[PDB]
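# just dropping in an experimental structure and the matching sequence.
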Amino acid sequence: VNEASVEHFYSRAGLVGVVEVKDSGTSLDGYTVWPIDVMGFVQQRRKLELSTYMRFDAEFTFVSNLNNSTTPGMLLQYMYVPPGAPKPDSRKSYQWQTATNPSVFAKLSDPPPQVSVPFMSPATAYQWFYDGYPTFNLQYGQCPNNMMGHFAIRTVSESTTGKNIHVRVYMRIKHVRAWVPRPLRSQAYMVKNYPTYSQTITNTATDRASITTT
Amino acid sequence: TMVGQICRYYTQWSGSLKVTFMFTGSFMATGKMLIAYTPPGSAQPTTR
Amino acid sequence: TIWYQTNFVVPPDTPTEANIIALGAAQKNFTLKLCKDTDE
Amino acid sequence: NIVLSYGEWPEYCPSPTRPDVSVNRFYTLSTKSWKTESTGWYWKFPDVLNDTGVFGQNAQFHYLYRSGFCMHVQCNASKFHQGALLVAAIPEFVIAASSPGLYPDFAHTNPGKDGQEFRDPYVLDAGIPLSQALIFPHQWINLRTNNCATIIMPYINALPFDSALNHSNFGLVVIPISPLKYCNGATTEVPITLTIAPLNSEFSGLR
Amino acid sequence: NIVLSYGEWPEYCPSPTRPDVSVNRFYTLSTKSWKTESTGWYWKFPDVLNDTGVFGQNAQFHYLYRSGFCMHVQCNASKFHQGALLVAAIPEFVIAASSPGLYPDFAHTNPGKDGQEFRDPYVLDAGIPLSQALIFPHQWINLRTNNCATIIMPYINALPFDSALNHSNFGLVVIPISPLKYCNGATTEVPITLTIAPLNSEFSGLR
Amino acid sequence: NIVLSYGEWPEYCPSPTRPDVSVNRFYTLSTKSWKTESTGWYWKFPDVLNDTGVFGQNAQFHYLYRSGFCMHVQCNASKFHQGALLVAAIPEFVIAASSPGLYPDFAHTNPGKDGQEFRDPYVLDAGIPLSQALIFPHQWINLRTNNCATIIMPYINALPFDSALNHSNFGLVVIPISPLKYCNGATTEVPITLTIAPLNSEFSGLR
């Protein structure tokens, strides 16, 4: 009790996306945009598709470093492009200054930056399964009201720095409420955003020799 | 019918009729029948 | 009109053809007027 | 003996046209033939009535729609037939395709008033395992005990009102678990009849 | 569940020998064989008992007679037999002949304790149409529902008392409407039993 | 300032579907062009709405029909136009043909939602003289005084209910008595608009 509660079942902030600010070699960009997708890894998607409707707010945390695990004093900007705003296109973009895009300036040689994001959706709850069509075959069953906005990251810098910076985005689902429990997935996940499966059905249980064999 | 024969002894008639059906098959026999009634305006429905 | 809603289901060794009997009548609100001769 | 989906009678949204018993009548759909090798059938809830009668008119001419339902299955088998059906109502039934051609055809996502026969009854055509479909509201049709099953399902959606044609709320599924076996000399195809009756229906935005 | 002919229990004529339960017992007549093609049977009421037992004695030796009756039909079919009988009681059943030899033979106007099989069940052997015979007191014997039918018929005649042999009060008719059909391998002839019991009987004028 | 046809507000027949404000709305028909030489126009009352909107549906799909009406004429002339119209409502307007080919064509007995222009305004196309048409409920449209005229006409028929398509209750007639004259340089065709709104409507016998 209180240990299998639905709140405790989704706690314990875990990795959701490993994005990499490329700035060296053949990728002299210096920025990268990572669209927020809770259903990133399968181990998380299967837990989320347990319920149909879900309402929560997240607490993102960024664990960044260089590739040799050092953390020099480089200065980073993390900008949260809200759902419905334009996303930047290069290192120097007018979008990097729109005061309606919240931004967090934190050096590498600092504790990880942490920011909460509220429940951002027009509906009453996020909806993993949408039996319907928007725009009243590659459009079926895809709800647009689950978008949580983007996260753009750039080094506050003039030219290229020649240092790749790996970033690890961690997320903590707070205040979880869920509705309409569903059967847990049984087949492999063939494709993102679609429940398609393989022609070769795999039994849910492992097959023994006889019905009278233990 | 009795009413069918008596009404031929009169000119005008107006009222509400009832029609009772009765199934006379084996007890073990089951099924389902749909009885519809179309008012005098329309024509006979062509499909169930 | 009388429509076959479903099929006709019977256990084995049972006739597969029945009869429906229709009985007509008139409710209490029936009335007549202007008696006349008949046409047999 | 009627199952109450999640235990909530359907209710009007407190404050839009509220229709009457002229619309809230019993629509009796066609009867499908439960044969031996048959795999099952499913209907999308609001989609099954979008082209029949006054409810079809209201759905195809208004903009917002919300209604409960009193789906009702019955099957008329003899006492020598044997079998067992599972009828459940699945909210947000998202049919998925089966790649070895990556998304389901519209005839499979909105079958209409005629229903669609399952292609993969084991995995419910949606990857989830049938052995767990009982987590939804359901009733067992076991021929030796009962031959009817009524599910009252209220309105489950994120928004208060939604389009009656673009987004189908839930899906009624009926699958034979124990196949239909019968000795020689019986009606080789039990009939299954599905009666629907909307409840506490509402529309808004005519024409 | 017993029909009361015109809704009047039989009553003694207020003021003649009034017999007792020695006479007012249940006479069980012979059982006739309801076959497929059989057309029906009829009995004249007082005539059916004029040669059996103490009632036959009282009728054949007194002069005036009046009595009610509690005719009772029962048929013992199986649950796989199908059919439907119409049993009614017809006051003043005047059998008529069928010219292409102009009056019915006595064996057809007073058949006796053995009954007579109808020659024209459609027209009741009396010109009147069977489809209207229900205007008389009747009960339906439908094998899927019931297998018995009791009619209590009081004394209906113009005079207070009448001869028990010259003028028969009424006639018990039993006709199969829906014929008897049965699959192979059953008792090919359902038996029909007719039990009679006089009620509030009276006689006068012995020897 | 609204004339009450024979002084009786329309009333429901005391005891059949009673529609609502969804049907009891203001249907604004097309506007006809009152020119100089124009002779007038007439509409059959129930016939003018048998093909427009929900009222047209109810009429063309039920069997019995009864309803009042609140016919309303208005004409938007300038202050320099001159003329005078007579608008009256004629129960049982039986249009008659004009032999020198003996009965009126259907396009003249039921003109539709577009109205028909009179062929003989003097004799009302029915032999009766216009000078007496004022015996019916009427209102004068004299451009120097008023430019609107409302007639509330209840249900006048022999039977309680009647067919909405076979028998038209009454006919709205509007005739120019004093012709329309205007000096050079004005809108050469005054527009006349006819707004109808059913009242206390009823139907019975759907489908």
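Cool, got the structure. Numbers count the residues shown, from 1 in each chain, chains lettered A, B, ... in the order given.
# going forward, measure contacts and count neighbours with C-alpha atoms only.
Noted.
# and the strands in the chain?
Answering for chain A, as no chain was given. For chain A, the strands defined by DSSP state E cover A:14-21, A:31-35, A:51-66, A:75-81, A:103-107, A:114-117, A:126-127, A:150-155, A:165-171, A:173-181, A:197-198.
# oops, wrong one, chain D.
D:3-4, D:27-28, D:32-34, D:41-44, D:64-75, D:82-91, D:98-99, D:116-117, D:138-142, D:148-153, D:170-181, D:190-196, D:198-204.
# of these, which is nearest chain A?
Of all those, strand D:98-99 sits nearest to chain A, with 5.2 Å by CA to the nearest CA.
# what's near enough to touch the spatially most central residue of chain B?
Compute the mean C-alpha point of chain B, and by CA atoms, centre = their mean the closest residue is residue B:19, 4.6 Å away. By CA atoms under 8 Å, 6 or more residues apart in numbering or on different chains, the contact set of residue B:19 is C:22-25.
# and it, which helix or strand is it part of?
Assessed by DSSP states H and E, residue B:19 sits inside strand B:17-23.
# quick one: that strand to chain centroid distance?
Its chain's C-alpha centre and that of strand B:17-23 lie 6 Å apart, by CA atoms, centre = their mean, to the nearest Å.
# what packs against the helix or strand that comes right after it?
Following strand B:17-23 in sequence order, the next helix or strand is strand B:30-35 (DSSP H and E). In terms of contacts (3 or more CA pairs under 8 Å, 6 or more residues apart in numbering or on different chains; DSSP states H and E), strand B:30-35 is packed against strand C:2-9.
# C-alpha coordinates for the strand it packs on, CSV please?
Below are the C-alpha coordinates for strand C:2-9, written out as CSV (Å, rounded to 0.1, in the frame of the first residue of the first chain):
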residue,chain,number,x,y,z
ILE,C,2,-43.6,-9.7,-40.7
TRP,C,3,-39.9,-10.0,-41.2
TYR,C,4,-37.4,-12.8,-40.5
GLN,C,5,-35.3,-11.1,-37.9
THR,C,6,-33.1,-14.1,-37.2
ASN,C,7,-32.8,-17.6,-38.6
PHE,C,8,-34.9,-20.6,-37.4
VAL,C,9,-32.9,-22.5,-34.7
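# next one: the spatially most central residue of chain A from chain C, what distance?
Nearest residue to the geometric centre of chain A (CA atoms, centre = their mean): residue A:37, 3.3 Å. To chain C, residue A:37 is 51 Å away according to CA to the nearest CA, to the nearest Å.
# measure that residue to chain F for me?
Applying CA to the nearest CA, the value for residue A:37 to chain F is 48 Å.
# for chain C, which residues are neighbours of chain A?
Contact residues, chain C versus chain A (CA under 8 Å from any CA of the partner chain): none.
# actually chain D, sorry about that
Checking chain D against chain A by CA under 8 Å from any CA, the hits are D:91-100, D:102-106, D:123, D:126-129, D:132-133, D:135-136, D:158-159, D:166-170.
# let me see the contact set for the residue positioned nearest the centre of chain C.
Of all residues in chain C, the one closest to the mean position by CA atoms, centre = their mean is residue C:22, 1.9 Å from it. By CA under 8 Å, 6+ apart, the contact set of residue C:22 is B:19-22.
# relative to strand E:82-91, how tilted is the host helix or strand of it?
Using DSSP H and E, residue C:22 sits in strand C:20-26. Strand C:20-26 and strand E:82-91 are oriented at 40 degrees to each other (axes from the mean of the first three to the mean of the last three CA atoms, to 10 degrees).
# helix or strand next in line after strand C:20-26, which one?
Under the assignment DSSP H and E, the closest C-terminal helix or strand after strand C:20-26 is strand C:31-33.
# and the angle for the strand holding residue B:19 with strand B:30-35?
Counting by the same axes, to 10 degrees, strand B:17-23 lies at 160 degrees to strand B:30-35.
# which residues of chain A lie near chain D?
Counting by CA under 8 Å from any CA, chain A sits next to chain D at A:52-53, A:123-125, A:127, A:129-134, A:136-138, A:140-141, A:180-187, A:194-200, A:204.
# could you give the number of residues near residue 92?
I'll assume chain A. 15 (other CA atoms under 10 Å in any protein chain shown).
# that was the other one, I meant chain D.
Counted with other CA under 10 Å, residues neighbouring residue D:92 total 25.
# what of residue A:175?
Number of residues near residue A:175 (other CA under 10 Å) recorded here: 17.
# and if you look at the one 3 residues further on?
By the criterion of other CA under 10 Å, residue A:178 has 19 neighbours.
# again, but for the one 3 residues further on
Per other CA under 10 Å, the neighbour tally for residue A:181 reads 14.
# could you list every residue that touches the residue lying farthest from the centre of chain B?
Most distant from the centre of chain B: residue B:28, at 25.9 Å, with distances by CA atoms, centre = their mean. Contact partners of residue B:28, counting by CA under 8 Å, 6+ apart, are C:10-11, C:14, D:78, E:79-80.
# likewise for residue D:86?
Per CA under 8 Å, 6+ apart, neighbours of residue D:86: D:138-141, D:173-177.
# again, only this time at 6 Å
Residue D:86 makes contact with D:140, D:174-175, according to CA atoms under 6 Å, 6 or more residues apart in numbering or on different chains.
# with residue B:24 instead?
Counting by CA under 6 Å, 6+ apart, the residues that residue B:24 touches are C:19, E:83.
# the one 3 residues further on now?
Residues in contact with residue B:27 (CA under 6 Å, 6+ apart) are residue E:144.
# could you redo the last one with a cut-off of 10 Å?
Counting by CA atoms under 10 Å, 6 or more residues apart in numbering or on different chains, residue B:27 makes contact with C:10, C:14, E:78-82, E:142-145.
# leaving out the residues flanking it, which one is nearest to residue A:41?
Of all residues not flanking residue A:41 in the chain, residue A:16 sits nearest, at 7.0 Å (CA to CA, 6 or more residues apart in numbering or on different chains).
# neighbours of that neighbour, just the number please.
Neighbours of residue A:16 using other CA under 10 Å come to 19.
# residue D:49 contacts residue D:196, doesn't it?
Yes - using CA atoms under 10 Å, residue D:49 is in contact with residue D:196, at 9.1 Å.
# any residues in contact with both of those two?
Each of D:27, D:29 lies in contact with both residue D:49 and residue D:196 under the rule CA under 10 Å, 6+ apart.
# hang on, the earlier thing: in PyMOL, select just the buried ones from the residues of chain D next to chain A.
With 16 or more other CA atoms under 10 Å in any protein chain shown as the criterion, this PyMOL line picks the buried residues out of those:
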select buried, chain D and resi 91+92+93+94+95+96+97+98+102+103+104+123+126+127+128+129+133+136+166+167+168+169+170
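# give me the subset of the residues of chain D next to chain A lying in helices.
Using DSSP state H, the subset of those located in helices is residue D:106.
# would you check how far apart the residue nearest to the centre of chain B and residue F:152 are?
Distance, residue B:19 to residue F:152, by CA to CA, to the nearest Å: 45 Å.
# likewise for residue C:8?
Between residue C:8 and residue F:152 the distance, using CA to CA, works out to 60 Å.
# cool, residue A:52 as well?
Counting by CA to CA, the gap from residue A:52 to residue F:152 is 59 Å.
# between these two, tell me which one has more neighbours.
Neighbour count, other CA under 10 Å: between residue A:52 and residue F:152, residue F:152 has more, with 23 against 19.
# the more buried one against residue F:67, yeah?
No - using CA under 10 Å, residue F:152 is not in contact with residue F:67, being 11.3 Å away.
# for burial, what's the neighbour tally of the residue of chain A found nearest chain D?
Nearest to chain D in chain A, going by CA to the nearest CA, is residue A:132, at a distance of 3.7 Å. By other CA under 10 Å, the residues close to residue A:132 number 22.
# skipping adjacent residues, who's closest to residue A:153 in space?
residue A:78 is the one closest to residue A:153 (CA to CA, 6+ apart), at 4.5 Å.
# ok, now which ones touch that neighbour?
Contacts of residue A:78 by CA under 10 Å, 6+ apart are A:31, A:33, A:62, A:96, A:102-106, A:113, A:151-156.
# so what's it bridging to?
residue A:104, residue A:153 (DSSP bridges).
# look up how far residue B:20 lies from it.
81 Å.
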